[PDB]
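Contents: one structure, followed by commentary.
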Amino acid sequence: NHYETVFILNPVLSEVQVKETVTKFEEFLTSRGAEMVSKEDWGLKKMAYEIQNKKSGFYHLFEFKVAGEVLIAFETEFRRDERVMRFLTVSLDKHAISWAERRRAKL
Amino acid sequence: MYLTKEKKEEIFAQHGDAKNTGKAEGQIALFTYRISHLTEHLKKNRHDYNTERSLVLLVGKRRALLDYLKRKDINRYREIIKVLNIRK
Amino acid sequence: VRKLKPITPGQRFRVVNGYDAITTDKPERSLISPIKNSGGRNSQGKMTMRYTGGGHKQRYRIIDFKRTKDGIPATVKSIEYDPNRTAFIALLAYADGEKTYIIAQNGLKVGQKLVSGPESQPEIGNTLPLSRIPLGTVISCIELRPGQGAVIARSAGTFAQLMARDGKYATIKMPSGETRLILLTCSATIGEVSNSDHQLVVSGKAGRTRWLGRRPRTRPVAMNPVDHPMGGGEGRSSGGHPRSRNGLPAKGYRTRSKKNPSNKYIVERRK
Amino acid sequence: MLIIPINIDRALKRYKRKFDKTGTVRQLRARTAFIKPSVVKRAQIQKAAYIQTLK
Amino acid sequence: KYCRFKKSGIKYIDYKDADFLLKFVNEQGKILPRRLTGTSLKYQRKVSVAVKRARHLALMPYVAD
Amino acid sequence: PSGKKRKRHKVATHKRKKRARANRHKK
Amino acid sequence: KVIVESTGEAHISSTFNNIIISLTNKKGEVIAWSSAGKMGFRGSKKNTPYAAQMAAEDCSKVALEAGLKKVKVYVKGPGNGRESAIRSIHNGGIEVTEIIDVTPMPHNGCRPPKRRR
RNA sequence: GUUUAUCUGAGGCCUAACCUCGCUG
RNA sequence: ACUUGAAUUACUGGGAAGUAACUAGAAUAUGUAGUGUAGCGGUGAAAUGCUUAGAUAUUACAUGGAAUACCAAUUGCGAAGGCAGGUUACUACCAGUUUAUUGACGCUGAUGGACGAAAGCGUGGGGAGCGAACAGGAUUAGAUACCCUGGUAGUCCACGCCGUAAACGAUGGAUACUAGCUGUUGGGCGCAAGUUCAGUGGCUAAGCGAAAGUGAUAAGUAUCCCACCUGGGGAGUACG
């Protein structure tokens with residue numbers, strides 16, 4: 001169905017590495033038969049608490065659509081990458097898709 | 001037992017009158033379909049007694065419908081069990 | 001794993017392995033070398049390492065422990081039984097034309113195409129260096145020296161785990177429970193070893209011990225004081241403090257050298 | 001945490017009353033001992049019934 | 001003492017708004033009881049799981065002051 | 001009701017239990 | 001051997017039977033400690049405001065003649081004396097700038113030990 | 001009480017004696 | 001022959017409802033490193049215990065196990081047992097309503113099948129805290145206990161075995177009638193008031209009951225089916 005994942009990267013990476021990781025994550029979905037909708041990059045935000053002795057991180061949102069049979073390998077190739085620190089994937093329905101659309105249409 | 005509207009319409013049209021979603025034959029076919037598609041899930045989730053009991057309940061409903069058919073018309077019962085491979 | 005019915009007293013408690021993962025019975029002729037067995041006798045002829053006799057002469061299959069063909073995918077052709085070890089073999093055929101006898105994993109079936117090298121994926125069967133095995137994976141056939149072969153976790157059902165990585169060495173939990181450091185350039189195979197149902201096999205018979213190559217072991221307690229330091233005594237008697245044959249204590253006495261030059265790689269003992 | 005910025009007795013009394021208000025002076029005396037669910041589930045049906053009969 | 005979600009037309013509770021999720025949390029970072037906010041149970045469950053999701057995503061702290 | 005009626009049924013079930021325990025491993 | 005730069009903390013860890021004050025540098029290196037049981041109060045009077053005051057004043061004008069002027073007191077644990085452990089440090093020289101309470105509370109972590117009869 | 005040229009007690013690091021491994025030095 | 005009972009289908013939703021796999025924080029324990037000296041812990045008071053071989057205390061890092069503060073409750077779901085950090089996959093069930101559809105296909109149910117708290121048993125791991133048995137200290141005329149200090153099985157996981165509880169609403173499952181007041185959960189109709197189904201609490205009228213009490217979610221008035229009762233002890237004992 002409609003899924004949405006948000007993940008944080010390591011703040012010690014460069015702009016060329018944070019741009020070479022998101023593309024490797026997005027080519028993982030476009031090869032199994034997905035359709036990326038809105039790839040958002042909030043940037044270098046601060047964390048409420050400390051994760052791995054770090055207090056900052058690059059946030060990213062994917063918000064894709066793919067059958068649920070290819071959602072386990074996508075999760076393993078999140079905890080097998082050492083550049084990430086946290087990730088969260090949640091499903092959306094006909095109460096959150098509309099909010100996502102109307103908040104993306106709000107700049 | 002992943003049942004969609006299209007799948008239900010197809011399994012009812014296979015027995016006839018796709019709009020007749022109350023016929024005993026169509027109900028028995030649907031029960032058999034979602035029992036065959038559930039006994040397989042019960043092979044990888046052998047500790048799912050919650051769905052084992054629902055499978056038993058579906059078997060009971062199908063047996064009630066089969067008894068109704070057996071008591072009303074003896075020919076339709078044999079026809080349905082021969083075409084659906086039920087009753088051992 | 002089958003449980004034989006108690007028809008005979010030598011068959012009451014016998015438990016036979018199932019061998020459910022074995023497919024082919026005939027081995028490969030080009031990958032077999034001759035091997036003879038010894039009764040513990042060394043080169044000069046003296047019987048060292050006693051209690052080993054002989055039974056059911058076997059043949060040796062050349063196992064490929066290095067697996068130094070990187071970038072060439074190989075397909076599993078058959079899963080066979082090796083009498084010279086505990087795990088199944090599962091012959092491989094490479095894409096170029098070679099045929100090898102690497103050791104099998106737990107989830108290695110007939111038809112899988114696995115690739116070696118550092119650019120491979122961390123799947124079951126594939127081999128990768130410890131600098132690229134991600135973390136906490138259940139690995140096996142860990143190399144102790146780069147380019148030499150497989151040493152650790154080679155028996156049926158064993159495995160190790162990656163712990164951390166510090167510059168040059170990675171911490172690994174051996175099957176015995178020992179935590180030790182291994183160079184990052186060493187290779188390893190993902191996935192547990194085969195059989196895994198070997199500990200469940202019972203003999204129920206003195207004859208199987210001799211089929212396997214063993215011989216009966218006499219207790220030094222039922223001996224004379226000229227044969228063992230624990231024998232002798234009118235009536236049934238003990239042997240005092242258990243020695244081996246030369247006064248070496250046989251309960252708690254550690255035999256590892258406290259000046260072992262490889263002591264800088266051990267983090268816990270558990271042995 | 002209970003970080004409180006900053007006489008000293010006034011700030012000390014403020015901190016003490018905030019500590020008594022945040023519900024902790026009695027929260028640790030309940031965790032010092034073990035209360036199993038069979039006894040923690042009756043102090044609710046005996047408190048709600050009292051609050052209902054007090055209405 | 002009404003429900004701010006039943007009065008309006010909001011059916012979802014987003015978790016990516018740390019500034020919006022501060023209206024249902026204590027001064028020390030604890031979920032406020034729905035008695036003080038008038039929120040119905042159906043939406044209180046959703047706001048609680050949203051606060052927990054934000055805590056996991058490190059947008060709201062576990063131990064604050 | 002009263003506890004005296006439920007009483008003595010603890011003793012009747014404790015004496016039998018202790019007797020069966022002390023008569024184990026007899027063969 | 002420890003640097004006594006004029007910015008530090010005072011960890012006051014109290015409990016149901018004792019209290020321990022520790023004036024510490026700004027890096028975790030303890031400078032001077034004191035306890036109610038250390039200040040000759042062995043008995044049921046270790047958890048008392050007077051005992052806490054004496055234990056605090058014992059180390060107050062000990063760490064004072066070392067180079068400590070500003071403290072960021074951290075209070076931990078229940079029990080009496082949390083009041084007159086900061087009272088008789090701020091009234092004995094060294095000045096306090098915070099009353100941060102760091103009492104640890106588990107989120108259903110471990111089993112409490114066998115409620116006592 | 002320190003400085004300069006030696007002796008000694010200990011740690012760390014380097015390779016260049018000495019040991020070991022992989023391809024054939 | 002019919003639709004009111006029953007079941008199916010369509011649309012709105014509902015939840016700690018199950019099985020499997022990942023993941024987060026607080027706290028406890030241990031280890032390493034830094035600071036530092038004489039106590040720490042415990043009780044009605046003490047002692048056993050850990051400590052000058054550097055404890056308790058504090059800072060940083062690492063390891064491992066179990067359970068999920070706030071939300072959070074006469075809430076909700078499940079046939080019952082029971083189900084609570086977060087996410088996904090595979091299922092199941094329930095409620096309301098404009099539909100469409102079959103047409104008594106219904107209720108109960110002896111033998112029987114399945115599930116079934118905790119404790120217990122077998123095999124293989126794990127073991128932070130708690131802690132049967134047990135070892136010391138303390139109280140007592142005595143203390144095989146309450147109290148204090150340690151601590152094995154166990155508690156946990158993957159396959160199994162037994163089938164027992166104050167397994168309680170001490171109230172079997174259906175259907176139909178018979179006054180109200182007052183909260184709350186999920187739906188429908190409503191611009192609000194408010195109304196109508198499906199669940200969940202309290203007060204009480206008539207009526208029942210020996211009384212306590214129950215009282216529209218009956219222990220009220222009827223009908224169907226199942227189980228059980230016939231003085232106390234012996235006795236859930238003896239025998240099979």
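Only this structure's heavy atoms are used, side chains among them; waters, hydrogens and symmetry mates stay out. All chains are named by letter (A, B, ...) in the order of the sequence lines, taking the proteins before the strands, and each is independently numbered beginning at 1.
In I:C197 the base sits anti relative to the sugar, since the glycosidic angle is further than 90° from 0.
No salt bridge links A:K65 with A:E4; every basic N to acidic carboxylate O contact stays at or beyond 4.0 Å.
In this structure, E:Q44 reaches the sugar-phosphate backbone alone: every heavy-atom distance under 4.0 Å involves primed, P, OP1 or OP2 atoms, never a base. Residue contacts shown for E:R45 include a base, since a base heavy atom lies under 4.0 Å away. Heavy atoms of B:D67 sit nowhere under 4.0 angstrom from any nucleic acid atom. As judged by a 4.0 angstrom heavy-atom cut-off over every strand, D:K47 is placed among residues making no nucleic acid contact. F:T13 comes within 4.0 angstrom of nothing in the nucleic acid, heavy atoms only. Within 4.0 Å of D:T53, counting heavy atoms only, lies no atom of the nucleic acid at all. Residue contacts shown for D:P37 are absent, as no nucleic acid heavy atom lies under 4.0 Å away. Using a 4.0 Å heavy-atom criterion, one finds that B:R63 contacts no nucleic acid atom at all. B:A24 comes within contact range of no nucleotide atom at all, as no heavy-atom separation falls under 4.0 Å.
The side chain of B:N45 contributes no N or O atom lying less than 4.0 Å from OP1 or OP2 of I:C90. For I:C105, neither phosphate oxygen OP1 nor OP2 lies less than 4.0 angstrom from any side-chain nitrogen or oxygen of B:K72. The phosphate of I:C93 has OP1 or OP2 within less than 4.0 Å of a side-chain N or O from B:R34. At the phosphate of I:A89, neither OP1 nor OP2 sits under 4.0 Å from any side-chain N or O atom of B:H41. The side chain of C:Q148 contributes no N or O atom lying less than 4.0 Å from OP1 or OP2 of H:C21. For I:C105, the OP1/OP2 oxygens have a side-chain nitrogen or oxygen of B:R71 closer than 4.0 Å.
Under the Watson-Crick or G-U wobble criterion, with both distances below 3.5 Å, I:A46 has no partner in any strand shown. I:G169 makes up no base pair with any nucleotide shown, lacking Watson-Crick or G-U wobble contacts both under 3.5 Å.
Defined by atom type and a distance below 3.5 Å, a donor-acceptor pair is missing between the side-chain atoms of D:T24 and D:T22. Remark: the E:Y43 side chain and the E:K11 side chain contain an N/O donor-acceptor pair separated by less than 3.5 Å.
Remark: ring of E:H56 not stacked against base of I:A24; the cut-offs of centroid gap under 5.5 Å and plane tilt under 30° are not jointly satisfied.
Here I:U30 is matched with I:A62 as a Watson-Crick or G-U wobble partner, both contacts being under 3.5 Å. Between I:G13 and I:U149, the two key atom distances do not both fall under 3.5 Å in a Watson-Crick or G-U wobble layout, so no such pair is counted.
Under 3.5 Å, the side chain of G:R111 and the base of I:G65 form no donor-acceptor pair of N or O atoms.
The torsion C1'-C2'-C3'-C4' is the criterion here, and for I:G207 it is positive, giving a north pucker. Judged by the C1'-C2'-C3'-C4' torsion, which is negative here, the sugar of I:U230 sits on the south, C2'-endo side.
In this structure, the ring of A:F7 has its center less than 6.0 angstrom from the ring center of A:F62.
Distance from the side chain of B:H47 is smallest for I:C159 among the nucleotides I:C159, I:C71, I:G41.
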Just the atom pairs and distances: protein N or O near nucleotides 132-138 of chain I's N or O, under 3.5 Å.
| from | atom 1 | to | atom 2 | distance (Å) |
| --- | --- | --- | --- | --- |
| I:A132 | OP1 | G:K114 | NZ | 3.0 |

